[PDB]
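To begin, one chain is listed below as structure tokens, in the form deposited in one PDB entry.
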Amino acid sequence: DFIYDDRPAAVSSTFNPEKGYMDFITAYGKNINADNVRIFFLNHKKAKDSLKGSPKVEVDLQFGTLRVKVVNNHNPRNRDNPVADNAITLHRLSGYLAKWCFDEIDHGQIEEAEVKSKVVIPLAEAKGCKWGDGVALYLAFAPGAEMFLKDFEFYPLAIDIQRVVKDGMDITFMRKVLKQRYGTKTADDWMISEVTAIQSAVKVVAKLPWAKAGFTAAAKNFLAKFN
């Protein structure tokens, strides 16, 4: 009576990031602008702890002009609460807005210019990557980019790999990306089929500063006078 537990059932996954993205756009597309994409991408972690502190399972948030209805599972008890396929987590939202940046870029040159001039990703910065390095590569640092592997040319995967080898990141964080699809190909398929594109991606990512989150170029060229 003091503590009661109850059963979750097994299932397979009916969640298509493409569809979730489209429904998300149809639902919120009027309040999305490069300004909000930018405050969010600067407010991801802040929102991470902000959700972490609060105990409500279904919180709505405001980034500037953007209103978002998000599921909160950062809070401990909620880590196993269910999440609808039309629902949005900060991870899913992040991926979605990254996707938005990617399409918006292709829409034309004025479109190409605005976001590029106004979009920087802290996670990408901390490793010293900027837009000039590549579009797919640069946007791939956004969490949730793993949902759109093709558009980002296997770069989120490669980045995760580099995190494992150089930053000794715990291997479990590759769990999510290793379930994800490459177009029509299931994980099991592309894990053997597409090794080439992946290795190429790894190379591409390798040729990057990878500064320590991050030291302006004066560092770490000065700290290699003392070692």
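In this text, rigid core is short for the largest set of C-alphas that superpose within 1.5 Å between two forms. Sequential numbering from 1, following the sequence displayed.
What follows is about the form deposited in another entry, which we do not show.
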If we fit on the core, is the Cα of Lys203 displaced 2 Å or more between this form and the one not shown? no
Core-superposed C-alpha of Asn78 shifting 2 Å or more between this form and the one not shown: yes
After the core is overlaid between this form and the one not shown, has the C-alpha of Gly214 moved by 2 angstroms or more? yes
I want to verify one pair: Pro143 and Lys220. Are their C-alpha atoms nearer or more distant in the other form compared with the form I supplied, knowing the change is 3 Å or more? farther
Once you account for a change of 3 Å or more, let me know if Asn73 and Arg7 sit closer or farther in the other form, using their C-alpha atoms. closer
